[PDB]
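Only one chain is shown below, in structure tokens, and it's the form deposited in one PDB entry.
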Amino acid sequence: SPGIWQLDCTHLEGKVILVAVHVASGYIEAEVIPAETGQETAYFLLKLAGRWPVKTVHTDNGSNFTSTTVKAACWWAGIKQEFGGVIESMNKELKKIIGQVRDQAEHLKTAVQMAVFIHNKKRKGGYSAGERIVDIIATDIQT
């Protein structure tokens, strides 16, 4: 289903990485956030929904979505919670790539975004996740 995204936070070096994955394609978007908070989650959700057609979001930590702030962002953007192996393979893959480029950047946040870039452009055959998301979404638009 083209509008389903998974969102979770992971921890590395005392910092928090918010990782969103488009389930159908494996494409990822991520930000290094200063603290795991409802305000940061909500802002990221609003950003994501203005960039891709987000219809539902699933998470592996349901308590991440209970705050008034996050509920308001889902209300404004028209997102609903998705009620039920791709995601597991994309988050340890992301730490694996982060580990490989970590010494190429001074800051962790730079390495995270290098890892997103490598991830999304990797052809798996056999197109990349970035190629798959735009095909999926463009195909969905044309009826």
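Each residue number is its position in the shown sequence, starting from 1.
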Point to revise | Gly125 dropped in a third or more of the other entries | key: yes
Practice item. Answer yes if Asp60 is missing coordinates in at least a third of the other compared entries, and no if every one of them models it. Key: no
Review point. Which class describes the count of deposited residues lacking coordinates between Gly125 and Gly126: none, 1 to 3, 4 to 9, or 10 or more?
Key: 1 to 3
Check your understanding: Taking the recorded C-alpha temperature factors, which stretch has the higher mean, 125-133 or 16-24?
Key -> 125-133
Study note, to complete from the structure: When mean C-alpha B-factors in the record are compared for 89-97 and 45-53, the larger belongs to 89-97
Revision key, fill the gap. Based on the PDB entry, the highest CA temperature factor among the options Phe83, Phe65, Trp75, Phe117 is that of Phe83
Revision key, fill the gap. Assert third(CA B-factor, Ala138) within chain per record equals highest
Review point. By the record's CA B-factor, is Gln39 among the lowest, middle or highest third of residues in the chain?
Key: middle
Point to revise | Third of the chain's Cα B-factor distribution that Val112 belongs to, per the entry | key: lowest
Check your understanding: Among the chain's modelled residues, which third holds the C-alpha B-factor of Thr69?
Key -> middle
Check your understanding: Going by the entry, which third of its chain does the Cα temperature factor of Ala105 land in?
Key -> highest
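The same protein also exists as the form deposited with a partner chain bound; that form is not shown, yet it is the one meant from here on.
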Exercise for review: Flag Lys95 as yes or no: does it have a non-hydrogen atom within 4.5 angstroms of any non-hydrogen atom of the partner chain in the entry with it bound?
Suggested key: no
Review point. Might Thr110 be said to contact the partner chain in the entry with it bound, defining contact as any heavy atom within 4.5 Å?
Key: yes
Check your understanding: Does any heavy atom of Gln39 come within 4.5 Å of a heavy atom of the partner chain in the entry with it bound?
Key -> yes
Check your understanding: in the entry with it bound, does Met114 have a heavy atom within 4.5 Å of the partner chain?
Key -> yes
